[PDB]
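A.B. asks: This is the structure I want to talk about, given as structure tokens.
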Amino acid sequence: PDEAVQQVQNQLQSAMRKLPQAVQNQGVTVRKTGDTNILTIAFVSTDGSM
Amino acid sequence: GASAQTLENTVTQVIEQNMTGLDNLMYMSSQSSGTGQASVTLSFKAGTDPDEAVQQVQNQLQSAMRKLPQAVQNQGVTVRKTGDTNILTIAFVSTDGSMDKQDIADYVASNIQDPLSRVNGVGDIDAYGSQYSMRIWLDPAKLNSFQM
Amino acid sequence: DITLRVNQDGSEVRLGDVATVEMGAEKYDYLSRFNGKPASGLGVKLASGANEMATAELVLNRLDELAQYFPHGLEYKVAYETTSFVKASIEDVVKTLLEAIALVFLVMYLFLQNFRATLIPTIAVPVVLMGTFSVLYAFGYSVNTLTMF
Amino acid sequence: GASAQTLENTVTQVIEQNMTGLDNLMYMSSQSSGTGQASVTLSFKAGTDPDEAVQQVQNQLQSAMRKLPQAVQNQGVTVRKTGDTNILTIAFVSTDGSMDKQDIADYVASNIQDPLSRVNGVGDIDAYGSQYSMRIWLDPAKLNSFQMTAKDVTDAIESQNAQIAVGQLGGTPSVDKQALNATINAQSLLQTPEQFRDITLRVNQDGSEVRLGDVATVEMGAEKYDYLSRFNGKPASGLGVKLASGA
Amino acid sequence: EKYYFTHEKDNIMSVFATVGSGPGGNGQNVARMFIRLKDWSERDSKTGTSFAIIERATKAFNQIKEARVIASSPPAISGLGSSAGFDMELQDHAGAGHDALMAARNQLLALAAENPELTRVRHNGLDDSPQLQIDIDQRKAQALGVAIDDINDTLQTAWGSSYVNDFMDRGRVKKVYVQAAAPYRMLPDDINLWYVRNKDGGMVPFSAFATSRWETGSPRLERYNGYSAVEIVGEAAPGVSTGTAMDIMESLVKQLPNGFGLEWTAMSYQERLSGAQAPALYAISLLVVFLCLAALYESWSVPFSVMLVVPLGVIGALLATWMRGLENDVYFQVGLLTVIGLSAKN
Amino acid sequence: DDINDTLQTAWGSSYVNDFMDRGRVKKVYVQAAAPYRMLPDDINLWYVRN
Amino acid sequence: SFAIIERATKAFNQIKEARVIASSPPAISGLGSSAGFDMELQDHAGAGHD
Amino acid sequence: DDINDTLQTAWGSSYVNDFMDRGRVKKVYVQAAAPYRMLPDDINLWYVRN
Amino acid sequence: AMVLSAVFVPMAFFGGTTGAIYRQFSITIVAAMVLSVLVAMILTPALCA
Ligand SMILES: CN[C@@H]1[C@@H](O)[C@@H](O[C@@H]2[C@@H](O)[C@H](O[C@H]3O[C@H](CN)CC[C@H]3N)[C@@H](N)C[C@H]2N)OC[C@]1(C)O
């Protein structure tokens, strides 16, 4: 997986300069999907002040 | 539209100055052609892992990409672990003659070149014909006529 | 119809009034012919550290698949391929290997004069060769001209 | 343009966030400077493959790339395997004395540093000198005298000292029976300081010409004036050869 | 193509010519032709072999004087090089200059053509060509109110290609290029047809502030390592070993002026690296065999009896190789080792 | 923008473009002369264009 | 979980404002229904979206 | 160009810069207020300078 | 078999491209010889018997 993501990132570097400036400002991320989510912690304001 | 000297000054020399610290680098050969293409071939010692070599080259290159001229950046530099000899050279010909050379080249570059470039094992596939493009041919007489 | 300037009179200056627009190639550097006929070519370059024969077989196969949707009259024709020589040479080496086995069998039959006795050394050849191929696979080598020789 | 504290809070800490948890990681060390340069140095366990470590760091970088400021992303983030093993520190000195320290530094950085940096096993070559560069020393009094600004000089130089891609004679597609095909060179990069002194900033209506030398002191100097090395009490320049890991 | 389809039409399966692409670099003056022969069975195997075809073709092509057409066989190893023969880079260590490098290249080629020990010595690149130089009077340009940026922009957009943006054609986003029409960029006088706009909006001709001048230049600049270099490929004459030919080339480059050195590359580099490990191998292998025999027979004498039959097989192998006119190579060496082993067993 | 550009160019060396030097491409830097970027009061010596 | 999602599926099929489905998470995202199939009906001729 | 800009930065967002909030750099977005980009007629509410 | 493998074992150690070529032959022939030992002392006696 590391080799694959590295190759994908390398190939993308030859194209990020062709993308619209807005897309470049937002940033383009290369990620390996399939990660396991151990927890999903939700933060709630009981008082309602926040 | 660049020149050989222009390329050798603004691109080829700049890339070479940054190709430093590469492991098992036997020798590097670079050429700057008047056709507008500049290349730098880094041949590594036998037994080196091509992926590691490509990783190192890309890591070094990325520092110098902003130094390159704007047009070069827009065109984009490519780093491929490829040789020079073609394993196979396919020729596309219109038997009926319905499609001329430009139509054949455009169809190849549109529908065939990209899928082949993603086949496993294909380091690179250059084309002997370029895709279609909206060519606009300026007429200087008319440009001066309308004061534009 | 791209408008370059609209005069106060209202007469606009379109792009077609100052230039000629046509759809052509983006690069006019190459001009290739096949057997005296117009054509366009592709040069497939093997990735460093990959099997040439397998890559060429995969490429051609993909091309066949793509060939299905070709416009009427368009055909691809392999003009310069290298794996053909490799395959032919390997086939020739296999041929001479089998012929060598046959000749060795003949010589042993001549000297021993017993078919039953002759069969014993002959059987020893495929066993040893298959073991050698197993060793080659274990060591990560590949069937090539040197190994076949 | 970021203060040291701002740089540490916004860039270095964000980079450190995700990289914690890398395989075979011993410790991290950020060195957020005051000029706006960040540096995170990850040290891995002995026997870890440096390449694999660099690859892993680069892969983990894209996870936190979005959290960095826009300017930081535009500048770019570089990952290099850094060592500290100084195999050699060669000092270059002119025995005759005909060469100034800047001349020695320029010669080294132009003819010596690059060939040595390609030698197998040489991870990096720290330079204790800098090559030549056309230094344009502005004078604010003269600039105000001619109603010029610093940007006027910069734009004039950037326009009159550019390498232009003009094209070719008879470039394809071409008219039939074209006789010749040749490259068309154009305005080329300037070479001597006197050429820069003759750069025309502004032509007045009266024909008066405001040359660059009229508002500036063009002189060929060092690209980086920071370094100043002396060998046995004499002016000199040096290279610090740094060994690549595993050589 | 007419030559190939007329003189030898019983061996050529197909030819494929690509004008604009060459082994020494792309350009309008170069072309690379891929010729594909028929199966070995259909060819004569006596006159239809690739080598004989290449010989006849190279004779017919040396007859051609309009261009330098060279028929070459593919390299022995796919990765190493683009063609068979020695490969050398003629660098410029002293940094004398491009003109000095080209002069040295011509001198070396002349010296090589002097020696019959080397054949087809040539420069794997493009020769220097005249190239136009458009010099613009900056003072005269801005005296008329014409910005230097404007004239540079119109010059590079008109004569060169300007990739403005992309457009969508049948589902693909292809490029859009703006360039001068073909009839208006063919001659040096076509520069004067272009009008730039000054501050006041008036149109000024290019002839007002720009002139043209011919100058010599190179369409392709190659740099081996960090030094400007000219690759000089070639072939070795029959009989003289490739290593000896390489040494002759080293003598030739020594005959050149100071500052220019050579570095063998690709197949030549690897060939120079290897080839001297044979005698060592033989000696170590023979010593190992003697020790194994001494272990087997428990004597220091019986192995001498056995080891004396190695020459009895070596002489026969050498005689067979020389009689057929073959060459001492890697295959030969391994054969010799096999012969030694079989003689030892006997 | 003019004020910031003047300050940056005057006090920090502004890498404009490159120049050719004996076959090597080298940088061109624009900066204020040494005596004019030494005291905090030297900032008052510069003039921007209205 | 199965009885709960069954009752939820009934009650949500009663809902007509939108489409809401309650489903247990797959153990591995890769695995799907053994009888299912994924097909990508492509447009090789570039006919158009419509 | 003015028309396209007004449309892009009014109806769509525009990530212009970053600002330091409590020691962290957030994003700055410029966009039209909600009531002015809700209906097709809201297009006519925008004015472009000639 | 010992002498046959002895003539070929040193061949593999040599490095470089030429060494690689040698190694190919060496590994192949040495493995073939070892298997011939094993075959000659396992299969052939049984067949003869
Ligand atoms: C081919 N599988 C990949 C491949 O990238 C592999 O690359 C290693 C390469 O890192 C080693 O190279 C190593 O060489 C020296 C170690 N003494 C120092 C540098 C280090 N990278 C090579 N000796 C073997 C390759 N297969 O490293 C990681 C991997 C997952 O095993």
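Don't worry about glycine lacking a Cβ; one is built from the backbone with ideal geometry, like all the others, and counts go over all protein chains shown. Since every read-out is calculated from the coordinates, none of them should be taken as a lab result.
A.B. asks: With a/c under 1.5 counting as rounded, go ahead and sort the stretch C:95-149 into rounded, prolate or oblate using the C-alpha gyration tensor (a ≥ b ≥ c being the square roots of the eigenvalues; past the cut-off, prolate if a/b is larger than b/c, else oblate).
C.D. replies: oblate
A.B. asks: Also: For the pairs B:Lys101/E:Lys174; A:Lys18/B:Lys67; B:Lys142/E:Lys174; E:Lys2/E:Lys59; B:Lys67/D:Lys151; E:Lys254/F:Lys26, flag any whose C-alpha to C-alpha distance is greater than 24 Å.
C.D. replies: Listed pairs above 24 Å: B:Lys142/E:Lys174; E:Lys254/F:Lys26.
A.B. asks: Oh, and also: Taking the Cα centre of each part, how many Å lie between the stretch D:151-197 and chain A?
C.D. replies: Computed from Cα coordinates, the inter-centre distance equals 43 Å.
A.B. asks: Taking neighbour counts of Cβ atoms within 10 Å as a proxy for exposure, in what order, fewest first, do E:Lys199, C:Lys77 appear?
C.D. replies: With the fewest neighbours first, E:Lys199, C:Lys77 line up as E:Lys199, C:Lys77.
A.B. asks: Using Cα pairs closer than 8 Å and at least 6 residues apart in sequence, work out the relative contact order for the stretch B:36-148, in percent.
C.D. replies: Reported as a whole number, the value is 20 percent.
A.B. asks: Is there a quick way to get the dipole size of the stretch C:7-149? I mean about its Cα centre, with the Cβ of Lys and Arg at +1 and of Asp and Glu at -1; what is the value in debye to the nearest 20?
C.D. replies: 860 debye
A.B. asks: Sticking with this one: By how many degrees, between 0 and 90 and to the nearest 10, does the Cα long axis of helix C:115-139 differ from the longest principal axis of chain C?
C.D. replies: 40 degrees
A.B. asks: Would you calculate the separation in nanometres between label points at G:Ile4 and C:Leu58, each defined as 7 Å from the Cα along the Cα-to-beta-carbon direction?
C.D. replies: Inter-label distance under the simple model: 4.6 nm.
A.B. asks: Under 20 Å from the 7 Å Cα→Cβ point of E:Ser73, by amide nitrogen: which residues of the stretch E:26-51?
C.D. replies: Output list for this probe position: E:33-51.
A.B. asks: Oh, and also: Give the shape of chain B as rounded, prolate or oblate, defined through the alpha-carbon gyration tensor: a ≥ b ≥ c are the square roots of its eigenvalues, a/c under 1.5 means rounded, and otherwise the shape is prolate if a/b is larger than b/c and oblate if not.
C.D. replies: oblate
A.B. asks: So how tilted is helix D:150-160 from the main axis of chain D? Cα-based, degrees 0 to 90, rounded to 10.
C.D. replies: Helix D:150-160 sits at roughly 80 degrees to that axis.
A.B. asks: Hey, in the GNM for chain D with a 10 angstrom Cα cutoff, which one of D:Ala127, D:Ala236, D:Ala150 fluctuates hardest?
C.D. replies: Highest fluctuation among the options: D:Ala150.
A.B. asks: For C:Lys45, give me every one of the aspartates and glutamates with a C-alpha distance below 15 angstrom, ignoring sequence neighbours fewer than eight places off in its own chain.
C.D. replies: Within the straight-line limit of under 15 Å, C:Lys45 reaches these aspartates and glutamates: B:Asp84, B:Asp114, B:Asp124, B:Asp126, C:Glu57, C:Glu81.
A.B. asks: Where nothing but the Cβ of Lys and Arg (+1) and of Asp and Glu (-1) is charged, how large is the charge dipole of chain A around its Cα centre, in debye to the nearest 20?
C.D. replies: Computed about the Cα centre, the dipole is about 320 debye.
A.B. asks: Positive end of the charge dipole of the stretch B:1-94 (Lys, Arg +1 and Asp, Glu -1 on Cβ, about the Cα centre): tell me which of B:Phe44, B:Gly83, B:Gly1 has its Cα farthest that way.
C.D. replies: The residue sitting most towards the positive pole is B:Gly1.
A.B. asks: Follow-up question, since we're still on this one. Only counting other Cβ atoms within 10 Å, I'd like E:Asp149, A:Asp35 sorted with the fewest neighbours first.
C.D. replies: Result, fewest neighbours first: A:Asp35, E:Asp149.
A.B. asks: For E:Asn198 paired with E:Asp169, estimate the spin-label separation in nm (one decimal), with each label point 7 Å from Cα along the Cα-to-Cβ line.
C.D. replies: 4.1 nm
A.B. asks: Roughly speaking, what is the centre-to-centre gap between the stretch B:72-148 and the stretch E:224-254 when only Cα atoms are used, to the nearest Å?
C.D. replies: The distance from the Cα centre of the stretch B:72-148 to that of the stretch E:224-254 comes to 37 Å.
A.B. asks: How far is helix C:52-67 tilted, in degrees, relative to the longest principal axis of the Cα atoms in chain C, given as a value from 0 to 90 rounded to the nearest 10?
C.D. replies: Its long axis makes an angle of about 50 degrees.
A.B. asks: Where the centre of each part is set by its Cα atoms, how far does the stretch D:210-241 sit from the stretch H:11-50, in angstrom?
C.D. replies: After rounding, the separation between the Cα centres reads 49 Å.
A.B. asks: Taking every pair of Cα atoms in the protein assembly as shown, average 1/r, invert it to obtain the Kirkwood radius, and report Rg/Rh to two decimals.
C.D. replies: Answer for the protein assembly as shown: 1.00.
A.B. asks: At q = 0.07, 0.08, 0.09 Å⁻¹, what is the base-10 log of I(q)/I(0) for chain E according to the Debye formula with one equal point scatterer per Cα and no solvent? Please give it to two decimals.
C.D. replies: Computed log10 I(q)/I(0) values: -0.55, -0.67, -0.79.
A.B. asks: Under a cut-off of 30 Å between alpha-carbon atoms, report the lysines in cross-link reach of E:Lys345, not counting same-chain residues fewer than 8 places apart.
C.D. replies: C:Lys95
A.B. asks: Taking a cut-off of 14 Å, what percent of all Cα-Cα pairs in chain G are separated by more than that?
C.D. replies: When all Cα pairs of chain G are counted, 71 percent exceed 14 Å.
A.B. asks: Can I ask one more? Partner chain Cβ atoms within 10 Å, averaged over the residues of E:224-237 - can you pull that number for me?
C.D. replies: Rounded to a whole number, the mean comes out at 2.
A.B. asks: For the residue pair E:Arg120 and E:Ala317, what label-to-label distance in nm results when each label sits 7 Å from Cα along the Cα-to-beta-carbon direction?
C.D. replies: If labels sit at E:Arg120 and E:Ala317, their model points lie 3.1 nm apart.
A.B. asks: Under a point-charge model restricted to the Cβ atoms of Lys and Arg (+1) and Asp and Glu (-1), what is the dipole moment magnitude of the stretch E:11-166 relative to its Cα centre, in debye to the nearest 20?
C.D. replies: Rounded to the nearest 20 debye, it is 860 debye.
A.B. asks: For a footprinting-style exposure proxy, rank E:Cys292, I:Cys48 by other Cβ within 10 Å, fewest first.
C.D. replies: With the fewest neighbours first, E:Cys292, I:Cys48 line up as I:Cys48, E:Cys292.
A.B. asks: With a cut-off of 8 Å between alpha carbons and a minimum separation of six or more residues, what is the relative contact order of chain C in percent?
C.D. replies: Reported as a whole number, the value is 12 percent.
A.B. asks: Rounded to whole Å and sorted largest first, list the principal axis extents of the Cα atoms in chain C.
C.D. replies: 112, 36, 27
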